[PDB]
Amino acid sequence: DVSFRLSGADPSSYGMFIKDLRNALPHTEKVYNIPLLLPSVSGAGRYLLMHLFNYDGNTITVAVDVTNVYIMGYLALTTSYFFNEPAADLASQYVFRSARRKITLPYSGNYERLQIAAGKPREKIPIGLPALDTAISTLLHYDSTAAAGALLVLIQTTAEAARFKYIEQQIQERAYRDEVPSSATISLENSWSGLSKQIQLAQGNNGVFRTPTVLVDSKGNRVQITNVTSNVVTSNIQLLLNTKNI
């Protein structure tokens, strides 16, 4: 399992957590020196448990599918909660079975559905360490509309930061002040599957993407990534979604 405490958190302890989160995901091969997540994992070992503690020391445990860093659901005291989608129903066969009750949230875990539930796109929702403290708190007691925004903050400050060193750094810059994500951050989130696939297709194509990926850079400028020499590939991305899942 991995753990993160908001009480006393700072950039260093958050970076320790994101390192532990990346290290908890199994991989047998690296592609262009980036860990390649597994095609599949059977049974309970598919799910990583992340123990998150708010500033007061209250906790939720979040289950994450290790093949794709997707959060499936979470446990808060004696209640489990899962997205309304078959992968999360499957996960509920393995994790948090000791909960006294299981609630299926009234949306799936994808960004489009969560933003509809929350009433706002993630361009407008601040993220940071304080926002993560608020999100954990929100999730302690059921409120499906509030939970959708909390889950948009939780997914970006845990999974997305694990996938991309740029997003990890964005959250560290927001350790004591939330701020909406940069458009670069949104672009990377939306591009993770495409980048993961193109980096894998470049292995028998001399390092060249079969199809360019368009990203927004740190200045708001839209840019084409065409091969593995780009800084997105050599520096930023940390985990590849296996093409078997794309």
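So that there is no doubt, residue numbering starts at 1 and follows the sequence shown.
J.: For the higher mean C-alpha B factor in the entry, choose 181 to 189 or 34 to 42.
T.: Taking the mean C-alpha B-factor of 181 to 189 and of 34 to 42, the larger value falls to 34 to 42.
J.: Tell me which stretch, 146 to 154 or 103 to 111, has the higher mean Cα B-factor listed in the entry.
T.: The stretch with the larger average C-alpha B-factor is 103 to 111.
J.: Going by the entry, which of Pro86, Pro130, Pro126, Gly73 has the most elevated CA B factor?
T.: Max CA B-factor in the entry, restricted to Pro86, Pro130, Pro126, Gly73: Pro86.
J.: From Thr211, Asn68, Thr61, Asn54, pick the one with the largest CA B-factor in the entry?
T.: Among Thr211, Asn68, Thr61, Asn54, the PDB entry lists the largest C-alpha B-factor for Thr211.
J.: Compared with the other modelled residues in the chain, in which third is the CA B-factor of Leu241?
T.: Middle third by C-alpha B-factor.
J.: Is the Cα B-factor recorded for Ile225 in the lowest, middle or highest third of its chain?
T.: Highest third.
J.: What third of the chain does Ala91 rank in for C-alpha temperature factor, lowest, middle or highest?
T.: According to the entry, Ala91 has a C-alpha B-factor in the chain's middle third.
J.: Using only modelled residues of the chain, where does the Cα B factor of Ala117 rank: lowest third, middle third or highest third?
T.: CA B-factor rank for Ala117: middle third.
J.: Ranked by Cα temperature factor within the chain, is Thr78 in the lowest third, the middle third or the highest third?
T.: Middle third by C-alpha B-factor.
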